[PDB]
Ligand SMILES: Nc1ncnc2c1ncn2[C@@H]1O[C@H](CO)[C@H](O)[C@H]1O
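The data below hold one chain only, encoded as structure tokens and taken in the form solved without the ligand.
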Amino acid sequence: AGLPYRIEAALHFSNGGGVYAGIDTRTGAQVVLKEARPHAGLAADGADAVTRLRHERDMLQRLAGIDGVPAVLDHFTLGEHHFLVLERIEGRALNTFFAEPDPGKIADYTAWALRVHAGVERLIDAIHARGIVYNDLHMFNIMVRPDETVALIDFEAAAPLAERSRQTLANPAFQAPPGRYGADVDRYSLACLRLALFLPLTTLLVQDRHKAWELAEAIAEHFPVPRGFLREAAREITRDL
């Protein structure tokens, strides 16, 4: 083999790109391995797995040193098979918390959720300081570590802040806003996350972006959130509606 890594689990695979959990045999350290195979011909399927893997590695290298961004440990190619070795971030993805009344526990949850958004906002701001927009911020990309700190997992969608593209990625909770660019895309996603951290999954999917103000008011009646916090999110969500 000639490989210092041993793959122990297969996590997911899509569009010719696989993600695996492994071990550096030289040190026993836990790693994540992302692999990609080239795809030739037809530009209408745009960008193969190797192109997207190279872009993710570039974004991760521009964001190096930021806590909450996985470090690039290694990268190599076996023929045309590209390998990307990342650090393994421990913890749970934020979407797995939505699957699982005591007034003490309501208040304990409210503080917990605000600390998560606040850590995500601080992480997102550090990323903007490097000149990068994250673009794909939502509950499936947010990792909650055991010490309650946060991290982001997939950086394929990130792009330089300079790059002014009207293309804007849609949120699981609300429709994507039309003409936002730069850090305003991440500004919009963070606003949606402030509502989403308190809405039930069923309500999250059904309710449209026009009902944001009503949703903020409903949250403020059930949770001890400072009321302006929720209203600013509803304002940011409806700034163009």
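Residue indices: 1-based, along the sequence shown. Shifts are known only where both forms have a C-alpha. C-alpha atoms forming the largest set that superposes within 1.5 Å between two forms make up the rigid core.
As for the form solved in complex with the ligand, it is not shown, yet the points below apply to it.
Visitor: Within 4.5 Å of the ligand in the deposited complex, do we find a heavy atom from each of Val19, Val32 and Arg88?
Guide: Yes.
Visitor: Want to guess which of 108-116, 74-82, 127-135, 88-96 is within 4.5 Å of the ligand in the deposited complex, heavy atoms only?
Guide: In the other structure, the partner sits against 88-96.
Visitor: Closest heavy atom of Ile153 to the ligand in the deposited complex, within 4.5 Å or not?
Guide: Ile153: contacts the ligand in the deposited complex.
Visitor: Which residue of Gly41, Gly65, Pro200, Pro178 is the mover here, meaning its C-alpha shifts by 2 Å or more between the shown form and the other one once both are aligned on the rigid core?
Guide: The one that shifts is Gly41.
Visitor: Core-aligned, C-alpha shift of at least 2 Å, runs of at least 3 residues: can you list them between the shown form and the other one?
Guide: Flagged stretch (3+ res, CA at least 2 Å): just 40-46.
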